[PDB]
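Below, in structure tokens: the form deposited in one PDB entry, a single chain.
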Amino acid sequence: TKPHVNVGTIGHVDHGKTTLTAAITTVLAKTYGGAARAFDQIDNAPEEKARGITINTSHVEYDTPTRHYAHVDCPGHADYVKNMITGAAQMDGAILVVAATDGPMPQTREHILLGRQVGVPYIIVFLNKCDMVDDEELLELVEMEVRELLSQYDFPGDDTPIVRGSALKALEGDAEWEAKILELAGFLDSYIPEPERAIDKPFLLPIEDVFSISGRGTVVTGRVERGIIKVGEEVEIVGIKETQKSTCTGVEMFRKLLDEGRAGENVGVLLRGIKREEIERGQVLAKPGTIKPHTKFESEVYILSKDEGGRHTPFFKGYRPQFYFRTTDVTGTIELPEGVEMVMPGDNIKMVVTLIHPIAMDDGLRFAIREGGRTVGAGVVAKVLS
């Protein structure tokens, strides 16, 4: 029906993320239609399991006249860390809530830093609790601090929309403050571009199985994550070993012979001139010249706590685990940040990884850290190096 956009509230503790989320749903429901959500319903977030990783997240939905929004709000800072690193709640844009009574605080910086690291494309600021501060000069000083903090982490602070509002007064029904919620939702519509749909990105298929079919020939199976593969087009096989070119001579779903495979479909792709022995676990099919294989990358990782089923023992610089990319494990070595010699369960750090086999990757690729086939961490590629 309507374009779908994924957003969420970030910001320091008690600056009003949950109150803002309730205010958005309530004001939009009475203005444009929809269902309002109360503060208690959003604050009492359910527990979800992405892949051994426990995250507490509330998911609300609301509509502007032209868009439908999926909005995440979390009760704990650790929940935001896990969500942004695992991508369990992906964000086309984030609402940074900064309380005017405090200005930017340590978690304001940390959430902006995580945003840049995991690739949050756009940030909108809601300067909250303005019902408490009447000083115009003080509000201007805080906005300048927020803009410089955003620019410090490469966001466009000078062009960042900043709305001076009161989430509480808007939730309580003050029309003068509800108008600021509508101004915020207006920036959601106008500042966050419509996200690029997967079918319009370069073709990519992670290979999950391989078969020799009748009359020689090789078929690889998997879900088309991005783009379209058409019969006759050339493909590259990227990862694990030297990149090979091949031609797609067929696509099929079950018993149906298709002339193309589209994003989201589970297909089998027939490859010409490729034998079964030339396909390795962890490889992908890709449009030629759109993704490259790499061994070394900078990442942000979360280490599972003991209570989450992770490891009980801390690890040190010689830690040599497996990195699960899409379909398979690849062993790698790590470099810890300067001044960090021990990493506890439950910690999150920047980590430079060197794999023993290249993996087709770019910034934003998610991965799991595993020991003996059991997930002990999750990461995101922040910057490829090799």
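Residue positions are given as counts along the sequence shown, with the first one as 1.
The following text describes the form deposited in another entry, which does not appear among the structures shown.
Hinge residue for the rigid-body motion between this form and the one not shown, chosen from 212, 197, 228, 78: 197. Note: the CA-CA distance for residue 196 and residue 223 contracts in the other form relative to this form, by 3 angstroms or more.
Whereas the shown form places them at one spacing, the Cα atoms of residue 349 and residue 116 lie at least 3 Å farther apart in the other form.
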